[PDB]
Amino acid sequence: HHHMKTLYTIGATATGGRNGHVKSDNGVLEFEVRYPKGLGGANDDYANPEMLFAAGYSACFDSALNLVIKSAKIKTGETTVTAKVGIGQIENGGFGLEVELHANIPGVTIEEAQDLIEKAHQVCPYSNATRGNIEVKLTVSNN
């Protein structure tokens, strides 16, 4: 039991089996999902849950990074975050993820950049949700 004061909740529904469909409760997100070619699918034309995880994690981390920057009143350029998500088979026959995250923070020193991403990595819910379970390699640049 992870008791917290819930600030916001959002739902989504998945249907359609192998040729899947996902829709947020409010319709803001709605699209097809399919297995990608590298997992035995027909093509790479559609989204999949691994891609949704990369999209969500990159956005979560960039949002947390910008909150940390604004809280510190530090001048930076516009930040960028990339998330690369891999899937493979794990020990029980299930499947698991691995993640590489990279942030770029223009206009700061590397010490500042490192401090900022360290804090962002504690703020981001995706980082808190995955810590200890999967590999999350996190690096920062200041280009």
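From 1 onward, residues are counted along the sequence shown.
When the mean C-alpha temperature factors of 7 to 15 and 126 to 134 are read from the deposited coordinates, 126 to 134 comes out higher. Per-stretch averaging of Cα B factors for 97 to 105 and 36 to 44 places 36 to 44 on top.
For the set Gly56, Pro49, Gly77, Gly27, the maximum C-alpha B-factor listed in the entry falls on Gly27. Split the chain's modelled residues into thirds by C-alpha temperature factor. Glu111 is in the middle one. Among the modelled residues of its chain, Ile117 has a C-alpha B-factor that falls in the middle third according to the deposited record. In the deposited entry, the Cα temperature factor of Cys60 sits in the bottom third of values across the chain's modelled residues. Among the modelled residues of the chain, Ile87 sits in the middle third by CA temperature factor in this PDB entry.
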